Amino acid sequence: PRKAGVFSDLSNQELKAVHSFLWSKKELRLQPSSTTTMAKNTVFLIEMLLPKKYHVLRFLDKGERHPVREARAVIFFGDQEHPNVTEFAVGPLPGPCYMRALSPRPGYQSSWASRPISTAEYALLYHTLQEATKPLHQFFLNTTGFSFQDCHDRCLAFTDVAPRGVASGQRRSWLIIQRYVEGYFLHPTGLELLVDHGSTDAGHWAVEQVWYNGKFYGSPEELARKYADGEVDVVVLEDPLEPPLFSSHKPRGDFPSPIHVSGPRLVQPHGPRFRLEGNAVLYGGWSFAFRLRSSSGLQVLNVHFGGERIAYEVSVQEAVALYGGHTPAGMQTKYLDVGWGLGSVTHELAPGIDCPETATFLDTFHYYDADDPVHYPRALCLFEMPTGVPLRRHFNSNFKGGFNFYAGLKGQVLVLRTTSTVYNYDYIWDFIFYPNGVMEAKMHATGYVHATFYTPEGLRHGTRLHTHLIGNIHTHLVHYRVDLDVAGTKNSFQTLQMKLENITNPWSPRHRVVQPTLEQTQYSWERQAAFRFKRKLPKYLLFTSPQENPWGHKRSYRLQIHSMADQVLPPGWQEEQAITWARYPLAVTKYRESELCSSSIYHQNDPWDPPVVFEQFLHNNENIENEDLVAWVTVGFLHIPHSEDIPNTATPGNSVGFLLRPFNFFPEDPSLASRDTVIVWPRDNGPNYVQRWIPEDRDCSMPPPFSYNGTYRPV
């Protein structure tokens, strides 16, 4: 379990050591992230940098030395004539000595414009709006009762929209103005503002355009004039500050059948049946390591069942929400969450609500837009839960009023979970491990919708959810990397289909038999295994090893996709360059260290010219017979908002993902080693014999009282 350490995230200590090394280089002229100027040099992100697979596998499988441990460090060089973002690999860990260039992109000139927004930048944007919108102060008070200047409890706020412009190198953002109340996401005022914030001198930033209640106005001063002159159709909003606010989670209404007591709960008197130690997990047949990459999110690594490898890596790669709208902000919105630190917004899981009270909760540290490493309490959880359906069961009737036996194995599953709450939405990320060698990836969407001011024109792009509220139509798309190494690194890909044959009936020659046969298709080249949404996706998608099981069949794992995704943007059109992976529910590539990721932190703010274009991995149409293969999976769903999304979208029916299932991999059902199986046998003239291999449990235990902290701070 020390070996799983090669995959582990950086400790608080290691993050400090990397940060100190960087700070000791006086030439870098580094300032804290919190300093309120853009014209500074700052370390924006530090996270572990995974060593090459070749070296990790020699360490894991051939006894060779532990590879060098390094950190990725992203530095924003804003304090120079030509600002840029540059990345370094810092190592070794422990004892950093060097910083070497990482992911260089020579000849590209928009790296500064491509960079993620930061807390300092938001502060400066607030200052720009407080100044720029002075002409509108009375307009604000009259229409909303709230303001930007001299406010305390009745403040206007903004939600920014990305991407930020119409071409590579621009940083011009539409801002949706809202009333800062409980669940403020759902309180747009009808004003939206376009701000050019490209310059490293915030004094140059300007509101370049204004939209209010269906019209463009050019400047805050023009809107103020036209309002002063009685030429603006305004919407005066009611005061929001007994009954709860519509955007609140507070209970209201009554069910016809009163529920006064707590529902049923899990108890775990015997404690966990999995072994978690550091970032290593053992659970029955399973063995795996996990990590939480600050940039991109949850990964499980080096996944084995029964002592044989199934997958080197299964990871979240990108999460997108692609909008339409009647408002300029709405029509602009294409959120790419890795551009916001999808793996860094792993906020505190509430025991008994977010995970069972019996779960193991784990803390982590992130360094993402921070002055020091920040402690995130209960960022992850791991728990076993009964599924409520048996893994297998059979009643073997004697067809004479009794039975020969009943057999069953109670359903349990191991769940590794984190969340991501970048702003309005909360995504719940699960990897799930069944005792029979089946593993599942799942995402559940909850939290608040991205919403805009209601006008009649909005109904072509959304649904009216409240008096002044439209839920814009959009699609959620998530990309997973699935580096299966089925029984080893060298695999092939094949599909199975049912095809009818029409033959003479062998026992009645005047007749025909029209019946299913089993058809196998082999794939030799990447392009053949790149399935577009328009193409028919076969029902059996197999990743095979050349090794056979005892019955002469190739040992395989099967991929099963659960999605309602489809092609959203036209292939090849503008921002679609950033999400070319979304063309493919499934694509298979040959492994390469230069293609470890389908997205990046830079994609959100330069979608026109990003550093990774997934389609390019298919350009060379490589041979994929007996190679190290990587499956890439797109799952998703169209979300047309509806009134039941108020105040939050709920999880039921709102999940997507995929299963990996053994297919001729094992000689028989690998759950057979479980001792939880029960078989009941009849006895002549007596009570039945209940055969067990583990004693019946009726024991009891209690969880600790509920607590919740809510803060995340350096330690």
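Basically, rigid core = biggest C-alpha set you can superpose within 1.5 Å across the two forms. A residue's number is simply how far along the shown sequence it sits, counting from 1.
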Stretch farther from the shown model on average in 4 other deposited structures of this protein, with CA RMS computed after core superposition (318-326, 254-262): 254-262
RMS Cα shift after core superposition in 4 other deposited structures of this protein, winner of 543-551 and 104-112: 104-112
Coordinates absent for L569 in a third or more of other entries: no
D196 not built in a third or more of the other entries: no
Unmodelled deposited residues between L241 and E242, binned: 10 or more
Given 180-188 and 228-236, the range whose Cα B-factors average higher in the PDB entry: 228-236
Comparing 200-208 with 326-334, the one whose average Cα B-factor in the PDB entry is higher: 200-208
Per the PDB entry, maximal CA B factor within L569, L266, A529, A321: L569
Out of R583, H394, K534, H479, residue topping the C-alpha B-factor column of the entry: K534
Ranked against its chain, the third holding the CA B-factor of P67: highest
CA B-factor placement of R275, once the chain's modelled residues are sorted into thirds: lowest
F148 by Cα B-factor - lowest, middle or highest third of the modelled chain: highest
Where the record places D430 (Cα B-factor, split into thirds across the chain): lowest
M38 by Cα B-factor - lowest, middle or highest third of the modelled chain: highest
